[PDB]
Ligand SMILES: *[C@@H]1O[C@H](CO)[C@@H](O)[C@H](O)[C@H]1NC(C)=O
Ligand SMILES: Nc1ncnc2[nH]cnc12
């Protein structure tokens, strides 16, 4: 299990949490010095439990698929909550079994369905440590519309930060003040699968991408990533989605 506490939290303590989250994900192989997530894990071992504590010390436990860093659901007191999708239903067979009741959320866990349910694109949803504190508090008591926004915050401040050093840094900048994600942040989130595939395909292609990945940079300009010498590969991305899952 990994844990993060919002009470007394700073850029340093959050950085330690994101480090712990990454290190909790199993790998047997590194591709270009980047941990390669496993094709599959059988049983309960597929799911990492994140214990998150809001400022007041109230807590939720989030279940994360260790093969793709995908949030399946969470436990709030005696109620478990799971996304409306097969992978999350599978997860419910293994995690939070001691919960008195299980609620299936009226949406799947992908960005498209969450944004529809929240009524806004995540381009308009402020993120950061304060937002995460709100998110935890919101998930403590069931409210499906409010939960959609909270989960968008949660996904970006945990899973996406684990996947990209840039996003981790973005949240660290937002330690005491929330701000909507940069277009670069949105770009990276949308491109994790694409980048993971092309980095793996570069192995056997002299570090060259079979298909160039189009991103948006810090300034807001559109750029092409064509090989492993790019900063996105050498510095940014921290975990690779296995091609078997793409
Ligand atoms: C690799 O990408 C860089 C940009 O990061 C570019 O300058 C260089 O020409 C590329 N090399 C090859 C062999 O494609
Ligand atoms: N549920 C989820 N967990 C992690 N990353 C995601 N990206 C989109 N949906 C996600």
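Here the Cβ positions follow ideal geometry from the backbone for every residue, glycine too, while neighbour counts run over all protein chains shown. The values are calculated or read from the model by the stated rules, or taken from the named source; these are not laboratory values.
Some observations on this one:
- Filter result (farther than 27 Å from residue 24 by Cα and away from ligand 1 (no atom under 16 Å from the Cβ)) within region 184-240: 220
- Cβ-Cβ under 6 Å pairs, at least 6 apart or on other chains, region 224-235 side over 9 Å from residue 209 (Cβ atoms), far side near ligand 1 (Cβ under 9 Å from one of its atoms) and assigned to a strand (DSSP E or B): 232/225
- Listed by position, the strands (runs of 3 or more DSSP E) contained in region 28-111 that have at least 3 residues being within 16 Å of ligand 2 (Cβ to nearest atom) are 47-53, 59-65, 70-76, 79-82.
- Residue check for residue 177: surrounded by fewer than 20 Cβ atoms within 10 Å (Cβ to Cβ), out of contact with any strand residue (DSSP E or B) (no Cβ under 6 Å at 6 or more places or on another chain) and part of a strand (DSSP E or B): no
- Residue in region 106-129 that is under 24 Å from residue 45 (Cβ atoms), surrounded by 15 or more Cβ atoms within 10 Å (Cβ to Cβ) and in contact with a helix residue (DSSP H, G or I) (Cβ under 7 Å, 6 or more places away or on another chain) present: yes
- Note on region 139-164: residues that are more than 16 Å from ligand 2 (Cβ to nearest atom), part of a helix (DSSP H, G or I) and either within 18 Å of residue 59 (Cα to Cα) or not assigned by CATH to the domain that holds residue 7 (or both) amount to 1.
- Filtered by the rule that a residue be without any contact (Cβ under 8 Å) to a residue 24 or more places away in the chain and closer than 18 Å to residue 246 by Cβ, region 1-27 gives a lone residue, 27.
- Residue match in region 76-89 (condition: under 20 Å from residue 193 (Cα atoms) and in contact with a helix residue (DSSP H, G or I) (Cβ under 6 Å, 6 or more places away or on another chain)): no
- Filter result for residue 111 (more than 21 Å from residue 163 (Cα to Cα), in contact (Cβ under 8 Å) with a residue 60 or more places away in the chain and not assigned by CATH to the domain that holds residue 179): no
- Contact map, region 61-77: residues that are within 15 Å of residue 150 (Cβ to Cβ) and assigned by CATH to the domain that holds residue 107 paired with residues that are within 11 Å of ligand 2 (Cβ to nearest atom) and in a loop (DSSP other than H, G, I, E, B), Cβ distance under 9 Å, separation 6+ or inter-chain. Pairs shown: 62/158; 71/83; 71/109; 71/158; 73/83; 73/105; 73/109.
- Exclusive hit being over 23 Å from residue 228 (Cα atoms), crowded, with 16+ Cβ neighbours inside 10 Å and more than 15 Å from the chain's Cα centre (by Cα), set 49, 21, 6, 38: 6
- Residues that are assigned to a helix (DSSP H, G or I) and surrounded by fewer than 19 Cβ atoms within 10 Å (Cβ to Cβ) within region 9-18 comprise 11, 12, 13, 15, 16, listed in sequence order.
- Summed over region 189-243, residues that are closer than 22 Å to residue 153 by Cα, within 16 Å of ligand 2 (Cβ to nearest atom) and assigned to a loop (DSSP other than H, G, I, E, B) total 3.
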